[PDB]
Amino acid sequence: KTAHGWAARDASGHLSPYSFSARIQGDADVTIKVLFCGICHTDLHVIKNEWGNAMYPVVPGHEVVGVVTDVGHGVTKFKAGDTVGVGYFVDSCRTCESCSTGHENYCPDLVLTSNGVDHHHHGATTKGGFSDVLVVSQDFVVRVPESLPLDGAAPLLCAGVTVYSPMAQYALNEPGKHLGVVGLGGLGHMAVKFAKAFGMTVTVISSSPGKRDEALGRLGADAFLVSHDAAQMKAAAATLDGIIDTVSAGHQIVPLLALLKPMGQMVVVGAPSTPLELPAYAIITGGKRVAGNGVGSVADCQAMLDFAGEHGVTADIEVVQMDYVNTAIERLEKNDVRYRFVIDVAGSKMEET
């Protein structure tokens, strides 16, 4: 009934061992030994309270690959030994229009995996995958295809589904279509990977000239634009069918909309604290479209994993021990990872002795 993770106690975001009372496995619950957990920039936003919604102490982590060690009496979707994943949320109300039409990810009572409010269990705060053992409803766990490496698959549970889902939603998943990806980070590099697997033409828009070689080589993007180079950006005006914006800091979207063809679709998935400034003319003139996307439904996540397993899509990762997590967080803040940190949780000393 005691679980063990690493938590932040205040806005410094400094992580250190934390023991806490864990939820007991109920009839519909699955017990998961955490093997790997990706570090998402959302975890950094939360532990530093950049959105103002941190409930300290915070146990981060919501890109989880693990193995089932026990299931409740009512569980039928999983059994001990199954390789499974947990993403950004672990529960929902189950009844509202969103929950009833397969869009539980937009439920107003969503229970986040990390720093969420467990409405079905006395409103306790949820502790994420920076911990040894999770207890999750069978209806919010996904199966990891055996063809995927467990560490390279972990960032798919948030980074991957968040970019995969809008590509399917907005028909930005067909050969010949031209997609822009803004911010070649965790989400961004997954967008490039999935877009190229769909056969799309991909332009990367980046503030980091040093990412050019890997973007055009390893990742296979077709073009690379430096966003603070007015000449490069102007040359690409009105060339894109769609653009996925993953930028985590405040930024201007007018130059990004300028890259879209008339009627083109911008998908915002980055979540900076500073509001985006949208002049009306920048969407009126060419009938352009802006949409937000939040991860995917559980079924969306499973479909993304099935696709990744069939096409060999995995994140480019740097695997680290938990004792390195504060250095990893600092490097993520400094934009110094290619392109996702993954914590080897099961191989780390989680408790201090």
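All residue numbers are counted from 1 along the displayed sequence.
K.L.:
Going by the B-factors listed in the PDB entry, is the mean over the C-alpha atoms higher for 186-194 or for 205-213?
P.N.:
Mean B over CA atoms: larger for 205-213.
K.L.:
For the C-alpha atoms alone, is the average B factor greater in 175-183 or in 120-128, going by the entry?
P.N.:
Looking at the recorded C-alpha B-factors, 120-128 comes out higher on average.
K.L.:
Determine which member of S165, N115, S92, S137 has the highest CA B-factor, using the values in the deposited entry.
P.N.:
Reading the PDB entry, the winner on C-alpha B-factor is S92.
K.L.:
Going by the deposited entry, which of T246, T76, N105, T83 has the highest CA temperature factor?
P.N.:
Result of the comparison over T246, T76, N105, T83: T76.
K.L.:
Could you place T42 in the lowest, middle or highest third of its chain by Cα temperature factor, using the values in the record?
P.N.:
Lowest third - that is where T42 ends up once the chain's C-alpha B-factors are sorted.
K.L.:
Thinking about Cα B factors across the chain, which third does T285 belong to?
P.N.:
It belongs to the highest third of the chain when residues are ordered by C-alpha B-factor.
K.L.:
Sorting the chain's CA B-factors, does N53 end up in the lowest, middle or highest third?
P.N.:
Highest third of the chain for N53's C-alpha B-factor.
K.L.:
Going by the CA temperature factor in the PDB record, which third of the chain does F20 belong to: lowest, middle or highest?
P.N.:
Within its chain, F20 is a highest-third residue by C-alpha B-factor, going by the deposited values.
K.L.:
How does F307 rank on Cα B-factor within its chain, lowest, middle or highest third?
P.N.:
According to the entry, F307 has a C-alpha B-factor in the chain's highest third.
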